[PDB]
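Asker: Structure below; questions to follow.
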Amino acid sequence: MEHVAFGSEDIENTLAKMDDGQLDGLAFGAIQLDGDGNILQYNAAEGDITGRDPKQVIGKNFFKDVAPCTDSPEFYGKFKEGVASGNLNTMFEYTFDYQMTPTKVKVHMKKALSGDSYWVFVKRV
Ligand SMILES: *C(=O)/C=C/c1ccc(O)cc1
Ligand SMILES: [Cl-]
Ligand SMILES: [Cl-]
Ligand SMILES: [Cl-]
């Protein structure tokens with residue numbers, strides 16, 4: 001286990017240092033997206049929540065291919081506003097329901113430290 005709490009103020013500094021193996025040690029789901037919504041990183045805890053295989057979703061587009069239920073003003077709309085503004089830090093509850101049992105989660109989206117990358121963090125509620 002890596003000891004990082006969901007919603008920590010400086011989480012993007014802490015995560016900047018982790019390779020894929022370290023990301024898999026987090027207590028919550030973590031997805032790293034580029035500015036277009038393509039998946040660069042996808043950890044084991046997220047795959048436990050959603051059933052997706054972390055190795056197979058890398059390189060897919062989160063909003064178009066993997067998670068169409070997030071293609072909406074309430075999720076994707078906030079993401080694209082943050083990408084265009086260059087800043088993003090929002091936390092909200094959502095239901096994941098595409099090809100899975102509907103699962104209520106808390107979502108935290110935050111701009112990463114490195115250039116054109118954005119984090120999506122996920123835990124059950
Ligand atoms: C809605 O379609 C959500 C799908 C989804 C959310 C999060 C994931 O990690 C994978 C699929
Ligand atoms: Cl919380
Ligand atoms: Cl980073
Ligand atoms: Cl999969």
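Convention: chains lettered A, B, ... in structure tokens order; per-chain residue numbering from 1; ligands numbered from 1 as shown.
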Can I get the residues close to ligand 4 as a VMD selection string, where close means within 6 Å and we count only C-alpha atoms and all ligand atoms?

Answerer: chain A and resid 52 to 53 56

Asker: What do you get as a PyMOL selection string if you pick all residues at most 12 Å from ligand 3, counting only C-alpha atoms and all ligand atoms?

Answerer: chain A and resi 10-20+23+30-34+40-41+110-119

Asker: Taking 5 positions as the minimum chain separation for residues in the same chain, which residues sit within 9 Å of range 35-37 of chain A when counting only C-alpha atoms? Answer as a ChimeraX atom specification.

Answerer: /A:60-64,76,79-80,83-84,116-118

Asker: With a distance cut-off of 8 Å and only C-alpha atoms, select the neighbouring residues of range 98-104 of chain A, excluding the residue or stretch itself and same-chain residues fewer than 6 positions from it, and output the selection as a ChimeraX atom specification.

Answerer: /A:50-51,67-69,124-125

Asker: Rounded to one decimal place, report the atom 3 (C, counted along the ligand's line) of ligand 1-CA of residue 3 in chain A distance in Å.

Answerer: 26.4 Å

Asker: Identify which of the residues A:74, A:97, A:24, A:2 lies closest to ligand 1, counting only C-alpha atoms and all ligand atoms when measuring atom-to-atom distances.

Answerer: A:97

Asker: Quick one: everything within 12 Å of residue 92 in chain A, counting only C-alpha atoms, minus sequence neighbours fewer than 3 positions away in the same chain. Send it as a ChimeraX atom specification.

Answerer: /A:7,74-75,78,89,95,104-110,120-125

Asker: Distance CA of residue 59 in chain A-CA of residue 90 in chain A, one decimal place?

Answerer: 24.1 Å

Asker: Could you pull the residues within 7 Å of residue 1 in chain A, counting only C-alpha atoms, minus those fewer than 4 positions along the same chain, as number ranges by chain?

Answerer: A: 25-27

Asker: Figure out the distance between CA of residue 93 in chain A and CA of residue 77 in chain A, please, to one decimal in Å.

Answerer: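 Value for the CA of residue 77 in chain A-CA of residue 93 in chain A distance: 14.8 Å.
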
Asker: Please give the complete set of residues from range 31-116 of chain A that DSSP, run on the backbone, assigns to alpha helix (DSSP H), formatted as a PDB file with N, CA, C and O atoms, in the first residue's frame.

Answerer:
```
ATOM      1  N   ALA A  44      -4.691  -0.664 -10.642  1.00  0.00           N
ATOM      2  CA  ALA A  44      -5.382  -1.901 -10.298  1.00  0.00           C
ATOM      3  C   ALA A  44      -6.652  -1.639  -9.497  1.00  0.00           C
ATOM      4  O   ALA A  44      -7.662  -2.324  -9.696  1.00  0.00           O
ATOM      5  N   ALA A  45      -6.625  -0.671  -8.574  1.00  0.00           N
ATOM      6  CA  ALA A  45      -7.825  -0.411  -7.779  1.00  0.00           C
ATOM      7  C   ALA A  45      -8.989   0.019  -8.665  1.00  0.00           C
ATOM      8  O   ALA A  45     -10.134  -0.380  -8.427  1.00  0.00           O
ATOM      9  N   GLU A  46      -8.716   0.820  -9.704  1.00  0.00           N
ATOM     10  CA  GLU A  46      -9.787   1.216 -10.613  1.00  0.00           C
ATOM     11  C   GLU A  46     -10.371   0.002 -11.326  1.00  0.00           C
ATOM     12  O   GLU A  46     -11.595  -0.133 -11.437  1.00  0.00           O
ATOM     13  N   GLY A  47      -9.511  -0.900 -11.804  1.00  0.00           N
ATOM     14  CA  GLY A  47     -10.007  -2.109 -12.449  1.00  0.00           C
ATOM     15  C   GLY A  47     -10.827  -2.980 -11.519  1.00  0.00           C
ATOM     16  O   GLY A  47     -11.760  -3.657 -11.960  1.00  0.00           O
ATOM     17  N   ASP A  48     -10.494  -2.976 -10.224  1.00  0.00           N
ATOM     18  CA  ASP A  48     -11.298  -3.691  -9.237  1.00  0.00           C
ATOM     19  C   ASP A  48     -12.694  -3.099  -9.119  1.00  0.00           C
ATOM     20  O   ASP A  48     -13.667  -3.831  -8.904  1.00  0.00           O
ATOM     21  N   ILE A  49     -12.810  -1.772  -9.228  1.00  0.00           N
ATOM     22  CA  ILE A  49     -14.115  -1.116  -9.102  1.00  0.00           C
ATOM     23  C   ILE A  49     -14.975  -1.366 -10.333  1.00  0.00           C
ATOM     24  O   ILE A  49     -16.180  -1.632 -10.223  1.00  0.00           O
ATOM     25  N   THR A  50     -14.380  -1.277 -11.523  1.00  0.00           N
ATOM     26  CA  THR A  50     -15.148  -1.220 -12.760  1.00  0.00           C
ATOM     27  C   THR A  50     -15.133  -2.508 -13.565  1.00  0.00           C
ATOM     28  O   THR A  50     -15.949  -2.646 -14.482  1.00  0.00           O
ATOM     29  N   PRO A  54      -6.744  -3.228 -16.597  1.00  0.00           N
ATOM     30  CA  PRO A  54      -5.945  -1.993 -16.735  1.00  0.00           C
ATOM     31  C   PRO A  54      -5.031  -1.984 -17.944  1.00  0.00           C
ATOM     32  O   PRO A  54      -4.884  -0.944 -18.595  1.00  0.00           O
ATOM     33  N   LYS A  55      -4.434  -3.128 -18.281  1.00  0.00           N
ATOM     34  CA  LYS A  55      -3.523  -3.175 -19.419  1.00  0.00           C
ATOM     35  C   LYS A  55      -4.245  -2.967 -20.745  1.00  0.00           C
ATOM     36  O   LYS A  55      -3.649  -2.445 -21.693  1.00  0.00           O
ATOM     37  N   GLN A  56      -5.516  -3.358 -20.843  1.00  0.00           N
ATOM     38  CA  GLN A  56      -6.200  -3.283 -22.127  1.00  0.00           C
ATOM     39  C   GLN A  56      -6.853  -1.936 -22.404  1.00  0.00           C
ATOM     40  O   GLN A  56      -7.217  -1.667 -23.559  1.00  0.00           O
ATOM     41  N   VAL A  57      -7.029  -1.085 -21.391  1.00  0.00           N
ATOM     42  CA  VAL A  57      -7.693   0.194 -21.640  1.00  0.00           C
ATOM     43  C   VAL A  57      -6.709   1.318 -21.933  1.00  0.00           C
ATOM     44  O   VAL A  57      -7.121   2.375 -22.441  1.00  0.00           O
ATOM     45  N   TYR A  76     -17.762  14.868 -18.479  1.00  0.00           N
ATOM     46  CA  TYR A  76     -16.908  15.275 -19.591  1.00  0.00           C
ATOM     47  C   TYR A  76     -16.932  16.790 -19.783  1.00  0.00           C
ATOM     48  O   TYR A  76     -15.904  17.398 -20.108  1.00  0.00           O
ATOM     49  N   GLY A  77     -18.087  17.426 -19.548  1.00  0.00           N
ATOM     50  CA  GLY A  77     -18.168  18.873 -19.710  1.00  0.00           C
ATOM     51  C   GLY A  77     -17.236  19.612 -18.769  1.00  0.00           C
ATOM     52  O   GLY A  77     -16.594  20.596 -19.157  1.00  0.00           O
ATOM     53  N   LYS A  78     -17.139  19.140 -17.523  1.00  0.00           N
ATOM     54  CA  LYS A  78     -16.216  19.738 -16.563  1.00  0.00           C
ATOM     55  C   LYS A  78     -14.775  19.457 -16.949  1.00  0.00           C
ATOM     56  O   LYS A  78     -13.893  20.299 -16.748  1.00  0.00           O
ATOM     57  N   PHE A  79     -14.512  18.256 -17.463  1.00  0.00           N
ATOM     58  CA  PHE A  79     -13.164  17.924 -17.900  1.00  0.00           C
ATOM     59  C   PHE A  79     -12.711  18.852 -19.023  1.00  0.00           C
ATOM     60  O   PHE A  79     -11.617  19.419 -18.970  1.00  0.00           O
ATOM     61  N   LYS A  80     -13.542  19.032 -20.046  1.00  0.00           N
ATOM     62  CA  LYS A  80     -13.086  19.820 -21.187  1.00  0.00           C
ATOM     63  C   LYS A  80     -12.959  21.298 -20.830  1.00  0.00           C
ATOM     64  O   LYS A  80     -12.097  21.993 -21.376  1.00  0.00           O
ATOM     65  N   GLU A  81     -13.767  21.785 -19.886  1.00  0.00           N
ATOM     66  CA  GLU A  81     -13.588  23.149 -19.400  1.00  0.00           C
ATOM     67  C   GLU A  81     -12.253  23.307 -18.678  1.00  0.00           C
ATOM     68  O   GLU A  81     -11.564  24.319 -18.844  1.00  0.00           O
ATOM     69  N   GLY A  82     -11.872  22.317 -17.868  1.00  0.00           N
ATOM     70  CA  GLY A  82     -10.602  22.395 -17.168  1.00  0.00           C
ATOM     71  C   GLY A  82      -9.412  22.325 -18.102  1.00  0.00           C
ATOM     72  O   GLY A  82      -8.431  23.054 -17.928  1.00  0.00           O
ATOM     73  N   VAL A  83      -9.484  21.457 -19.113  1.00  0.00           N
ATOM     74  CA  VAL A  83      -8.418  21.376 -20.108  1.00  0.00           C
ATOM     75  C   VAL A  83      -8.255  22.707 -20.829  1.00  0.00           C
ATOM     76  O   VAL A  83      -7.134  23.169 -21.063  1.00  0.00           O
ATOM     77  N   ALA A  84      -9.370  23.334 -21.209  1.00  0.00           N
ATOM     78  CA  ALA A  84      -9.295  24.593 -21.941  1.00  0.00           C
ATOM     79  C   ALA A  84      -8.789  25.713 -21.048  1.00  0.00           C
ATOM     80  O   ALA A  84      -8.065  26.605 -21.507  1.00  0.00           O
ATOM     81  N   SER A  85      -9.155  25.681 -19.767  1.00  0.00           N
ATOM     82  CA  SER A  85      -8.699  26.689 -18.817  1.00  0.00           C
ATOM     83  C   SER A  85      -7.290  26.428 -18.310  1.00  0.00           C
ATOM     84  O   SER A  85      -6.653  27.350 -17.790  1.00  0.00           O
TER      85      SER A  85
END
```

Asker: Tell me, which residues of chain A carry DSSP strand (DSSP E), written as a ChimeraX atom specification?

Answerer: /A:29-34,39-42,89-96,103-111,117-124

Asker: What would the file look like if the residues just selected were written as a short mmCIF file (atom, residue, chain, number, x, y, z; two decimals), in the first residue's frame with N, CA and C atoms?

Answerer:
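Wrote it out as selection26.cif, contents follow:
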```
data_model
loop_
_atom_site.label_atom_id
_atom_site.label_comp_id
_atom_site.auth_asym_id
_atom_site.auth_seq_id
_atom_site.Cartn_x
_atom_site.Cartn_y
_atom_site.Cartn_z
N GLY A 29 -9.02 4.23 -6.97
CA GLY A 29 -8.79 4.19 -8.41
C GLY A 29 -8.11 5.46 -8.89
N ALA A 30 -7.19 5.31 -9.83
CA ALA A 30 -6.50 6.45 -10.40
C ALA A 30 -6.34 6.23 -11.90
N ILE A 31 -6.75 7.22 -12.67
CA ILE A 31 -6.65 7.22 -14.13
C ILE A 31 -5.93 8.50 -14.51
N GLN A 32 -4.95 8.39 -15.41
CA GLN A 32 -4.33 9.58 -15.97
C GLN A 32 -4.72 9.71 -17.43
N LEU A 33 -5.23 10.89 -17.80
CA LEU A 33 -5.70 11.19 -19.14
C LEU A 33 -4.85 12.30 -19.74
N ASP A 34 -4.70 12.28 -21.07
CA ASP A 34 -4.17 13.46 -21.73
C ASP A 34 -5.30 14.45 -21.99
N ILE A 39 -6.37 7.48 -22.30
CA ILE A 39 -5.90 6.92 -21.04
C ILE A 39 -4.41 6.63 -21.14
N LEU A 40 -3.61 7.29 -20.30
CA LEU A 40 -2.17 7.06 -20.21
C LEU A 40 -1.79 6.09 -19.10
N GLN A 41 -2.57 6.06 -18.02
CA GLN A 41 -2.32 5.22 -16.85
C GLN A 41 -3.66 4.82 -16.27
N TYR A 42 -3.70 3.65 -15.64
CA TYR A 42 -4.96 3.08 -15.17
C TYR A 42 -4.58 2.01 -14.16
N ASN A 89 -9.94 21.16 -10.67
CA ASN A 89 -9.91 20.61 -9.32
C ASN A 89 -11.37 20.54 -8.87
N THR A 90 -12.01 19.40 -9.13
CA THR A 90 -13.42 19.27 -8.80
C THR A 90 -13.70 17.88 -8.24
N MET A 91 -14.60 17.81 -7.26
CA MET A 91 -14.96 16.55 -6.63
C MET A 91 -16.48 16.40 -6.65
N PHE A 92 -16.97 15.23 -7.06
CA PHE A 92 -18.41 15.05 -7.18
C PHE A 92 -18.71 13.56 -7.22
N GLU A 93 -19.96 13.23 -6.87
CA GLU A 93 -20.44 11.85 -6.90
C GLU A 93 -21.06 11.55 -8.25
N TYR A 94 -20.97 10.28 -8.67
CA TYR A 94 -21.44 9.87 -9.99
C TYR A 94 -21.77 8.38 -9.95
N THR A 95 -22.52 7.91 -10.95
CA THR A 95 -22.84 6.49 -11.05
C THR A 95 -22.27 5.94 -12.35
N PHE A 96 -21.44 4.91 -12.23
CA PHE A 96 -20.87 4.23 -13.39
C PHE A 96 -21.80 3.08 -13.76
N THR A 103 -22.75 1.44 -10.17
CA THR A 103 -21.89 1.61 -9.01
C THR A 103 -21.74 3.10 -8.71
N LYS A 104 -22.16 3.51 -7.51
CA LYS A 104 -22.02 4.89 -7.08
C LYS A 104 -20.60 5.15 -6.59
N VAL A 105 -19.96 6.21 -7.10
CA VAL A 105 -18.58 6.52 -6.76
C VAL A 105 -18.46 8.01 -6.42
N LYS A 106 -17.38 8.34 -5.73
CA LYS A 106 -16.95 9.73 -5.61
C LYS A 106 -15.77 9.92 -6.54
N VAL A 107 -15.79 11.00 -7.31
CA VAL A 107 -14.82 11.28 -8.35
C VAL A 107 -14.09 12.55 -8.00
N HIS A 108 -12.77 12.55 -8.17
CA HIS A 108 -11.96 13.75 -8.00
C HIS A 108 -11.11 13.92 -9.25
N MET A 109 -11.34 15.01 -9.99
CA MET A 109 -10.55 15.33 -11.17
C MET A 109 -9.61 16.47 -10.84
N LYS A 110 -8.34 16.31 -11.18
CA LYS A 110 -7.35 17.32 -10.85
C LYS A 110 -6.26 17.35 -11.91
N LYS A 111 -5.87 18.56 -12.29
CA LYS A 111 -4.78 18.73 -13.25
C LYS A 111 -3.50 18.14 -12.69
N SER A 117 -1.57 16.61 -18.72
CA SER A 117 -2.07 15.39 -18.09
C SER A 117 -3.04 15.77 -16.99
N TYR A 118 -4.04 14.92 -16.79
CA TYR A 118 -5.11 15.17 -15.84
C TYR A 118 -5.43 13.87 -15.13
N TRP A 119 -5.64 13.95 -13.81
CA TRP A 119 -5.98 12.79 -13.00
C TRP A 119 -7.49 12.67 -12.82
N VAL A 120 -7.98 11.43 -12.85
CA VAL A 120 -9.32 11.09 -12.40
C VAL A 120 -9.15 10.08 -11.28
N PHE A 121 -9.55 10.44 -10.06
CA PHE A 121 -9.47 9.56 -8.91
C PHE A 121 -10.88 9.11 -8.55
N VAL A 122 -11.01 7.87 -8.08
CA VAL A 122 -12.30 7.21 -7.90
C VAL A 122 -12.27 6.37 -6.62
N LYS A 123 -13.32 6.50 -5.80
CA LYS A 123 -13.53 5.59 -4.67
C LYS A 123 -15.02 5.33 -4.50
N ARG A 124 -15.35 4.18 -3.91
CA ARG A 124 -16.75 3.82 -3.67
C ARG A 124 -17.34 4.67 -2.55
#
```

Asker: For a quick check of understanding, using only C-alpha atoms and all ligand atoms, which of A:4, A:72, A:66, A:86 has the smallest distance to ligand 1?

Answerer: A:66

Asker: Taking only C-alpha atoms and all ligand atoms into account, name the residue in A:8, A:38, A:70, A:22 that is nearest to ligand 1.

Answerer: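 Comparing A:8, A:38, A:70, A:22 against ligand 1, the winner is A:70.
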